[PDB]
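Here the structure comes first, spelled out in structure tokens, and everything after it is commentary.
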Amino acid sequence: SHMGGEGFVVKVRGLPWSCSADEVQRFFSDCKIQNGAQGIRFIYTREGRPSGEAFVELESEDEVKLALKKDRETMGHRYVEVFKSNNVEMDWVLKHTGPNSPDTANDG
């Protein structure tokens, strides 16, 4: 079990290097993607090339779950992992390519 955070974004992992936002949008055809292809952002490195990962925004948390039910399916050639991403996580991993979560639970 893995969650990035409570957000209207999902995390799309296992995408081919040869795909654009069109193919990823077509993958989430059963999901209402926020702002269309502008809601989709591949995690591009300093090398100007995608990690094979993206963040897709969605209109509703229900739509996020419809994205999560397709977590397994083969896109391009490979199996795709669909996680649940927060607006905070999505923004930070696009600016700073790092799957390391801001783990802070000062509890007692």
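If you're wondering about the labels, chains in the structure tokens are A, B, ... by order shown, residues count from 1 in each chain, ligands from 1 in order shown.
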
Give me, as a Markdown table, the closest atom pair and its distance (Å, one decimal) for every residue of range 28-53 of chain A within a cut-off of 10 Å of range 62-65 of chain A, counting only C-alpha atoms, rows sorted by chain and rising number.
| residue | atom | partner | partner_atom | distance |
| --- | --- | --- | --- | --- |
| A:28 | CA | A:63 | CA | 9.4 |
| A:30 | CA | A:63 | CA | 8.3 |
| A:31 | CA | A:63 | CA | 5.3 |
| A:32 | CA | A:63 | CA | 6.2 |
| A:33 | CA | A:63 | CA | 8.0 |
| A:34 | CA | A:63 | CA | 9.9 |

Go ahead and dump the residues you just picked, N, CA, C and O atoms, as a compact mmCIF listing (two decimals), in the first residue's frame.
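Result file follows (again.txt):
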# COMPACT_ATOMS: atom_id res chain seq x y z
N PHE A 28 -5.95 7.46 -19.26
CA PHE A 28 -6.95 7.89 -18.26
C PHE A 28 -8.21 8.43 -18.97
O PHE A 28 -8.82 9.40 -18.50
N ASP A 30 -11.11 7.08 -19.05
CA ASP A 30 -12.23 6.84 -18.11
C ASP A 30 -12.22 7.83 -16.91
O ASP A 30 -13.01 7.67 -15.97
N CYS A 31 -11.30 8.81 -16.93
CA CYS A 31 -11.13 9.80 -15.86
C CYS A 31 -11.18 11.23 -16.44
O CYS A 31 -10.58 11.51 -17.49
N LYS A 32 -11.90 12.12 -15.74
CA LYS A 32 -12.02 13.54 -16.10
C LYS A 32 -10.77 14.27 -15.61
O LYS A 32 -10.65 14.59 -14.43
N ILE A 33 -9.84 14.48 -16.54
CA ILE A 33 -8.55 15.10 -16.27
C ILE A 33 -8.71 16.63 -16.23
O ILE A 33 -9.18 17.24 -17.21
N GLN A 34 -8.32 17.22 -15.09
CA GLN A 34 -8.34 18.68 -14.88
C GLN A 34 -7.45 19.38 -15.91
O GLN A 34 -6.28 19.00 -16.09

For the strand (DSSP E or B) assignment from backbone DSSP, which residues of range 4-106 of chain A qualify? Please present them as a ChimeraX atom specification.
/A:9-13,33,40-44,50-58,74-75,78-79,81-85

Could those residues be written to a file, using N, CA, C and O atoms, as an mmCIF file, in the first residue's frame?
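Written out: selection-v3.cif:
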data_model
loop_
_atom_site.group_PDB
_atom_site.id
_atom_site.type_symbol
_atom_site.label_atom_id
_atom_site.label_comp_id
_atom_site.auth_asym_id
_atom_site.auth_seq_id
_atom_site.Cartn_x
_atom_site.Cartn_y
_atom_site.Cartn_z
ATOM 1 N N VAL A 9 -4.571 14.848 -7.810
ATOM 2 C CA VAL A 9 -3.530 14.382 -8.733
ATOM 3 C C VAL A 9 -3.293 12.882 -8.512
ATOM 4 O O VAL A 9 -3.433 12.399 -7.389
ATOM 5 N N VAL A 10 -3.020 12.132 -9.589
ATOM 6 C CA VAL A 10 -2.410 10.789 -9.502
ATOM 7 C C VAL A 10 -0.971 10.809 -10.036
ATOM 8 O O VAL A 10 -0.588 11.711 -10.794
ATOM 9 N N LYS A 11 -0.190 9.791 -9.645
ATOM 10 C CA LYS A 11 1.202 9.627 -10.079
ATOM 11 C C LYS A 11 1.279 8.440 -11.040
ATOM 12 O O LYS A 11 0.934 7.321 -10.674
ATOM 13 N N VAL A 12 1.749 8.695 -12.254
ATOM 14 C CA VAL A 12 1.744 7.724 -13.345
ATOM 15 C C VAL A 12 3.183 7.264 -13.578
ATOM 16 O O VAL A 12 4.006 8.038 -14.025
ATOM 17 N N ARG A 13 3.466 6.005 -13.266
ATOM 18 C CA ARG A 13 4.828 5.432 -13.302
ATOM 19 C C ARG A 13 4.796 4.241 -14.265
ATOM 20 O O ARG A 13 3.836 3.497 -14.257
ATOM 21 N N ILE A 33 -9.837 14.476 -16.538
ATOM 22 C CA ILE A 33 -8.546 15.103 -16.269
ATOM 23 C C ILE A 33 -8.710 16.629 -16.234
ATOM 24 O O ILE A 33 -9.180 17.237 -17.209
ATOM 25 N N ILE A 40 -1.562 17.287 -17.135
ATOM 26 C CA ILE A 40 -0.520 16.251 -17.249
ATOM 27 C C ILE A 40 0.872 16.910 -17.353
ATOM 28 O O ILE A 40 1.091 17.784 -18.195
ATOM 29 N N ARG A 41 1.791 16.470 -16.486
ATOM 30 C CA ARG A 41 3.197 16.938 -16.456
ATOM 31 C C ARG A 41 4.133 15.765 -16.162
ATOM 32 O O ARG A 41 4.151 15.258 -15.040
ATOM 33 N N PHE A 42 4.914 15.354 -17.172
ATOM 34 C CA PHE A 42 5.972 14.338 -17.006
ATOM 35 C C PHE A 42 7.073 14.900 -16.104
ATOM 36 O O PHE A 42 7.397 16.087 -16.210
ATOM 37 N N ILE A 43 7.620 14.068 -15.205
ATOM 38 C CA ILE A 43 8.765 14.448 -14.377
ATOM 39 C C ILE A 43 10.017 14.495 -15.279
ATOM 40 O O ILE A 43 10.686 13.472 -15.489
ATOM 41 N N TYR A 44 10.265 15.671 -15.879
ATOM 42 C CA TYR A 44 11.441 15.904 -16.723
ATOM 43 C C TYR A 44 12.628 16.244 -15.822
ATOM 44 O O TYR A 44 12.498 17.034 -14.883
ATOM 45 N N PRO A 50 12.123 12.768 -19.792
ATOM 46 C CA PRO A 50 11.211 12.299 -18.727
ATOM 47 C C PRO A 50 11.751 11.034 -18.038
ATOM 48 O O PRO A 50 12.406 10.209 -18.668
ATOM 49 N N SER A 51 11.445 10.887 -16.742
ATOM 50 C CA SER A 51 11.867 9.727 -15.928
ATOM 51 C C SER A 51 11.023 8.459 -16.249
ATOM 52 O O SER A 51 11.244 7.382 -15.673
ATOM 53 N N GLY A 52 10.058 8.604 -17.185
ATOM 54 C CA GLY A 52 9.045 7.578 -17.450
ATOM 55 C C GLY A 52 7.871 7.703 -16.477
ATOM 56 O O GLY A 52 7.040 6.802 -16.356
ATOM 57 N N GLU A 53 7.875 8.814 -15.715
ATOM 58 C CA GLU A 53 6.833 9.166 -14.746
ATOM 59 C C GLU A 53 6.175 10.507 -15.115
ATOM 60 O O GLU A 53 6.784 11.330 -15.810
ATOM 61 N N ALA A 54 4.928 10.688 -14.651
ATOM 62 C CA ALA A 54 4.143 11.923 -14.813
ATOM 63 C C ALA A 54 3.209 12.122 -13.611
ATOM 64 O O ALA A 54 3.041 11.231 -12.782
ATOM 65 N N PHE A 55 2.660 13.330 -13.500
ATOM 66 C CA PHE A 55 1.552 13.658 -12.599
ATOM 67 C C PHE A 55 0.365 14.175 -13.427
ATOM 68 O O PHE A 55 0.499 15.164 -14.153
ATOM 69 N N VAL A 56 -0.777 13.487 -13.319
ATOM 70 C CA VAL A 56 -2.031 13.858 -13.995
ATOM 71 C C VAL A 56 -3.005 14.425 -12.958
ATOM 72 O O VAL A 56 -3.295 13.758 -11.968
ATOM 73 N N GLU A 57 -3.491 15.655 -13.177
ATOM 74 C CA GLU A 57 -4.541 16.257 -12.335
ATOM 75 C C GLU A 57 -5.916 15.771 -12.803
ATOM 76 O O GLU A 57 -6.108 15.471 -13.982
ATOM 77 N N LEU A 58 -6.867 15.713 -11.866
ATOM 78 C CA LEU A 58 -8.241 15.237 -12.112
ATOM 79 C C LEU A 58 -9.234 16.183 -11.431
ATOM 80 O O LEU A 58 -8.905 16.828 -10.431
ATOM 81 N N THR A 74 -1.313 -2.043 -18.785
ATOM 82 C CA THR A 74 -0.145 -1.884 -19.655
ATOM 83 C C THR A 74 -0.364 -0.728 -20.645
ATOM 84 O O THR A 74 -1.315 -0.748 -21.436
ATOM 85 N N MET A 75 0.520 0.277 -20.572
ATOM 86 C CA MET A 75 0.502 1.464 -21.443
ATOM 87 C C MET A 75 1.872 1.588 -22.126
ATOM 88 O O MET A 75 2.915 1.585 -21.452
ATOM 89 N N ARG A 78 4.854 -1.413 -21.151
ATOM 90 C CA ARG A 78 5.096 -1.776 -19.748
ATOM 91 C C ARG A 78 3.827 -1.659 -18.898
ATOM 92 O O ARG A 78 2.845 -1.048 -19.311
ATOM 93 N N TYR A 79 3.906 -2.232 -17.685
ATOM 94 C CA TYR A 79 2.854 -2.132 -16.663
ATOM 95 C C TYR A 79 2.961 -0.749 -16.009
ATOM 96 O O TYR A 79 4.077 -0.265 -15.779
ATOM 97 N N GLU A 81 2.018 1.858 -12.815
ATOM 98 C CA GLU A 81 1.632 2.073 -11.426
ATOM 99 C C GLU A 81 1.026 3.476 -11.282
ATOM 100 O O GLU A 81 1.669 4.484 -11.591
ATOM 101 N N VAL A 82 -0.220 3.510 -10.811
ATOM 102 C CA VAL A 82 -0.974 4.732 -10.576
ATOM 103 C C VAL A 82 -1.115 4.898 -9.053
ATOM 104 O O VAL A 82 -1.765 4.078 -8.392
ATOM 105 N N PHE A 83 -0.465 5.934 -8.504
ATOM 106 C CA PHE A 83 -0.515 6.272 -7.067
ATOM 107 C C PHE A 83 -1.457 7.467 -6.894
ATOM 108 O O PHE A 83 -1.977 7.991 -7.880
ATOM 109 N N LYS A 84 -1.663 7.909 -5.653
ATOM 110 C CA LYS A 84 -2.468 9.103 -5.356
ATOM 111 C C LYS A 84 -1.529 10.197 -4.857
ATOM 112 O O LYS A 84 -0.849 10.021 -3.854
ATOM 113 N N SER A 85 -1.515 11.310 -5.568
ATOM 114 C CA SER A 85 -0.600 12.421 -5.317
ATOM 115 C C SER A 85 -1.344 13.641 -4.774
ATOM 116 O O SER A 85 -2.500 13.894 -5.116
#

For residue 49 in chain A, the nearest of the candidates A:104, A:86, A:35, A:97, counting only C-alpha atoms
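Looking only at the distances to residue 49 in chain A, the closest residue turns out to be A:97.
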
I need the residue nearest residue 16 in chain A from this list: A:93, A:102, A:76, A:3. Use only C-alpha atoms for the distance.
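The answer is A:76, which sits nearest to residue 16 in chain A.
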
Using only C-alpha atoms, which of A:73, A:108, A:92, A:17 sits nearest residue 48 in chain A?
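Among the listed residues, A:17 lies closest to residue 48 in chain A.
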
Report the distance between CA of residue 7 in chain A and CA of residue 39 in chain A in Å, rounded to one decimal place.
12.9 Å

Check the DSSP output for the backbone and give back, as a PyMOL selection string, the residues of range 37-98 of chain A in alpha helix (DSSP H).
chain A and resi 61-68+87-95

Could you save the residues just selected, with N, CA, C and O atoms, as an mmCIF file, in the first residue's frame?
data_model
loop_
_atom_site.group_PDB
_atom_site.id
_atom_site.type_symbol
_atom_site.label_atom_id
_atom_site.label_comp_id
_atom_site.auth_asym_id
_atom_site.auth_seq_id
_atom_site.Cartn_x
_atom_site.Cartn_y
_atom_site.Cartn_z
ATOM 1 N N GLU A 61 -11.911 13.720 -6.586
ATOM 2 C CA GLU A 61 -11.257 12.623 -5.843
ATOM 3 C C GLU A 61 -11.835 11.252 -6.282
ATOM 4 O O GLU A 61 -11.156 10.227 -6.217
ATOM 5 N N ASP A 62 -13.091 11.258 -6.742
ATOM 6 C CA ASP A 62 -13.747 10.060 -7.296
ATOM 7 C C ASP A 62 -13.034 9.633 -8.589
ATOM 8 O O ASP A 62 -12.731 8.453 -8.778
ATOM 9 N N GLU A 63 -12.796 10.620 -9.468
ATOM 10 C CA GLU A 63 -11.966 10.451 -10.676
ATOM 11 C C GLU A 63 -10.559 9.905 -10.355
ATOM 12 O O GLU A 63 -10.024 9.093 -11.117
ATOM 13 N N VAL A 64 -9.969 10.357 -9.229
ATOM 14 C CA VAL A 64 -8.653 9.872 -8.755
ATOM 15 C C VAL A 64 -8.714 8.354 -8.490
ATOM 16 O O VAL A 64 -7.829 7.617 -8.901
ATOM 17 N N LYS A 65 -9.781 7.929 -7.802
ATOM 18 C CA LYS A 65 -10.071 6.505 -7.532
ATOM 19 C C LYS A 65 -10.273 5.680 -8.835
ATOM 20 O O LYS A 65 -9.844 4.524 -8.915
ATOM 21 N N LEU A 66 -10.921 6.284 -9.848
ATOM 22 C CA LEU A 66 -11.098 5.670 -11.195
ATOM 23 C C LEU A 66 -9.745 5.500 -11.931
ATOM 24 O O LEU A 66 -9.571 4.597 -12.756
ATOM 25 N N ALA A 67 -8.828 6.426 -11.657
ATOM 26 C CA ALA A 67 -7.427 6.329 -12.104
ATOM 27 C C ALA A 67 -6.701 5.183 -11.352
ATOM 28 O O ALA A 67 -5.986 4.376 -11.962
ATOM 29 N N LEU A 68 -6.930 5.117 -10.024
ATOM 30 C CA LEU A 68 -6.331 4.099 -9.124
ATOM 31 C C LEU A 68 -6.825 2.667 -9.428
ATOM 32 O O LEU A 68 -6.118 1.706 -9.148
ATOM 33 N N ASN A 87 -1.358 17.931 -4.313
ATOM 34 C CA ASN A 87 -0.933 19.145 -5.065
ATOM 35 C C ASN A 87 0.484 19.576 -4.623
ATOM 36 O O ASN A 87 1.296 20.027 -5.433
ATOM 37 N N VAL A 88 0.748 19.377 -3.319
ATOM 38 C CA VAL A 88 2.034 19.699 -2.688
ATOM 39 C C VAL A 88 3.152 18.782 -3.219
ATOM 40 O O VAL A 88 4.222 19.269 -3.607
ATOM 41 N N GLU A 89 2.867 17.462 -3.282
ATOM 42 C CA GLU A 89 3.850 16.458 -3.744
ATOM 43 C C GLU A 89 4.155 16.669 -5.238
ATOM 44 O O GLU A 89 5.309 16.800 -5.621
ATOM 45 N N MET A 90 3.079 16.729 -6.043
ATOM 46 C CA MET A 90 3.129 16.933 -7.503
ATOM 47 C C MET A 90 4.028 18.134 -7.872
ATOM 48 O O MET A 90 4.992 17.978 -8.624
ATOM 49 N N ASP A 91 3.734 19.293 -7.261
ATOM 50 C CA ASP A 91 4.483 20.552 -7.470
ATOM 51 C C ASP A 91 5.980 20.388 -7.126
ATOM 52 O O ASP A 91 6.851 20.826 -7.886
ATOM 53 N N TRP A 92 6.253 19.702 -6.004
ATOM 54 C CA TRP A 92 7.620 19.555 -5.459
ATOM 55 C C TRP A 92 8.475 18.573 -6.270
ATOM 56 O O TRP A 92 9.668 18.788 -6.405
ATOM 57 N N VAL A 93 7.868 17.497 -6.790
ATOM 58 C CA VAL A 93 8.609 16.452 -7.535
ATOM 59 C C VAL A 93 8.809 16.878 -9.014
ATOM 60 O O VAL A 93 9.732 16.407 -9.694
ATOM 61 N N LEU A 94 7.960 17.809 -9.493
ATOM 62 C CA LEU A 94 8.159 18.463 -10.802
ATOM 63 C C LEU A 94 9.329 19.473 -10.716
ATOM 64 O O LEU A 94 10.159 19.548 -11.625
ATOM 65 N N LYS A 95 9.402 20.222 -9.596
ATOM 66 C CA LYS A 95 10.487 21.203 -9.346
ATOM 67 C C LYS A 95 11.792 20.499 -8.915
ATOM 68 O O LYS A 95 12.894 20.958 -9.225
#

Using only C-alpha atoms, can you tell me which of A:106, A:69, A:36, A:80 comes closest to residue 14 in chain A?
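Result for the nearest residue to residue 14 in chain A: A:80.
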
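Nearest to residue 96 in chain A of all the residues A:38, A:29, A:18, A:45 is A:45, based on only C-alpha atoms.
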
Rank nothing, just name the residue among A:37, A:2, A:105, A:47 nearest to residue 23 in chain A, using only C-alpha atoms.
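Nearest candidate to residue 23 in chain A out of A:37, A:2, A:105, A:47: A:37.
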
Two-atom distance - CA of residue 4 in chain A, CA of residue 103 in chain A (Å):
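Distance between the two atoms: 10.5 Å.
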
Quote the spacing between CA of residue 1 in chain A and CA of residue 24 in chain A in Å to one decimal place.
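Spanning CA of residue 1 in chain A to CA of residue 24 in chain A is a straight-line distance of 23.0 Å.
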